[PDB]
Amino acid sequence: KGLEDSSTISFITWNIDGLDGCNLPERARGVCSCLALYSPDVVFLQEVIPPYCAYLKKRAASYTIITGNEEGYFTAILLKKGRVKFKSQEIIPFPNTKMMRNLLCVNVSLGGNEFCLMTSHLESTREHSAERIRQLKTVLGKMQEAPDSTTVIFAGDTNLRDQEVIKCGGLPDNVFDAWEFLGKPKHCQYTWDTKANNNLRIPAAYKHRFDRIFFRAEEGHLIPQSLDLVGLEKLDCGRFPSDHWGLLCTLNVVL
């Protein structure tokens, strides 16, 4: 990452299924091999557990880890050392979660710009649609509260169905979904796919765009450049790093 790429932020967002203990160390090494290949500035992770933090400190030592909780399972934001200056951590609760979910925010400077970087793992399953929608509103409300000079990026596992974003009232006028921005490309549309991914061993074909990237920037100051899936290679154990595909995204920050 040299002079030319200095105006770009690159990141990966990925629910890495830390609650599946089977093959977890090898699957962590798989995630870390992906981070080594693309060397993203930032990594947004969901379903991290404490042993997984240890694996990351070993196989992704060039990242500072900021976590959404101390025990159970939680999100984390990883920051590339020497590229990202960490300014503060903020955690916003979801008072009605039944699954210890919350909103993790990290304030940083990168490439000579101020960012508020957000992630969450919104309430899971169709049956908890109401709370998931309430949490999305909390997220979208927080994105709007940041100073107008700050660049806000949310990236996480939203567990959203399309009908739910409408029921939520659609995205506010100044908040954009990166996948939509890039013209809804088919190659990275689905991030959870039980036909293509066998980690859950579900004997049926269902697929969802659970993982999403939202951003709020002053008119034209933040331009998504690319969006691609990662984590599609089977590991030596014959499974994938996670039941989710990860998303690799690059964005330019423009005057």
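One rule holds for the numbers: they count along the sequence shown, beginning at 1. Between two forms, the rigid core is the largest collection of C-alphas that superpose within 1.5 Å.
In terms of root mean square C-alpha deviation after superposing on the rigid core in 7 other deposited structures of this protein, the stretch standing farther out between 125-133 and 167-175 is 167-175. Comparing 154-162 with 138-146 in 7 other deposited structures of this protein, after superposition on the rigid core, the stretch with the greater RMS C-alpha deviation is 154-162. In the comparison with other entries of the same protein, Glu219 is left without coordinates in at least one third of those covering both sides of it. Relative to one another, 165-173 and 91-99 have unequal mean CA B-factors, and 165-173 is the one with the higher figure. Averaged over CA atoms, B-factors in the entry run higher in 211-219 than in the other of 52-60 and 211-219. Highest C-alpha temperature factor among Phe154, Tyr73, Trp179, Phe86, as the PDB entry reports it: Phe86. Out of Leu122, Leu78, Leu140, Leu104, it is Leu140 whose C-alpha atom has the highest B-factor in the PDB entry.
In the deposited entry, the Cα temperature factor of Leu248 places it in the lowest third of its chain's modelled residues. Sort the modelled residues of the chain by CA B factor and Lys184 lands in the lowest third.
The entry lists a Cα temperature factor for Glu233 that places it in the middle third of the chain's modelled residues. When the CA B factors of the chain's modelled residues are split into thirds, the value for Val42 lands in the lowest one. Ranked by C-alpha B-factor against the other modelled residues of its chain, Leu200 falls in the middle third.
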